[PDB]
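Asker: The structure follows.
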Amino acid sequence: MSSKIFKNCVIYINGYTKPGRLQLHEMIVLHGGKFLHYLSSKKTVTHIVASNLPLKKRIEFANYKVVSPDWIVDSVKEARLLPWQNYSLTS
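When you line the sequence shown up against the numbering used here, it's residues 3 to 93, in that order.
Encoded structure:
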């Protein structure tokens, strides 16, 4: 089972991440999603992965929904999307 869970989804990478941005970007394209090296379009954030991002800075921007890598890794493992809102780095 290898379903393209992230079909036409979009992500951004912020703070610091693992295994590395390139590896995570490859997981995204393997599973049919897209990624960006930037986030101009705050108004249409879909996901952000950041394994370290101050919650205070997040709410000062008030436009970021940072997720820990466990979501993406485990959604890939289950070959279905999990709620990142339970594997999040939000407040």
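All residues carry an ideal CB built from backbone N, CA and C; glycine is no exception.
Taking buried to mean at least 16 other C-beta atoms within 10 Å of its own C-beta, is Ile74 buried or exposed?
Answerer: Looking at its Cβ environment, which holds 16 or more other Cβ atoms inside 10 Å, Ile74 is buried.
Asker: For the region 60-84, list the alpha helix (DSSP H) runs that are entirely contained and at least 4 residues long, ordered along the chain.
Answerer: Complete alpha helix (DSSP H) runs here, min 4: 71-80.
Asker: Which residues in the same chain have their Cβ closer than 6 Å to the Cβ of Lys36, if we skip the five residues on either side of it in sequence?
Answerer: So the qualifying residues of the chain are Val12.
Asker: Residues in the same chain with beta-carbon distance under 8 Å from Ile61, minus the five sequence neighbours each way, listed in chain order, please.
Answerer: Contacts found: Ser93.
Asker: Measure from the alpha carbon of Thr48 to the alpha carbon of each residue in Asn54, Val69, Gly34, then state which is nearest.
Answerer: The shortest Cα separation from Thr48 among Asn54, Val69, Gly34 belongs to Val69.
Asker: How many angstroms separate the CA atom of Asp76 from the CA atom of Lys45?
Answerer: Taking the straight line joining both Cα atoms gives about 27 Å.
Asker: Report the partner residues of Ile15 according to the DSSP bridge assignment.
Answerer: Partner(s): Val51.
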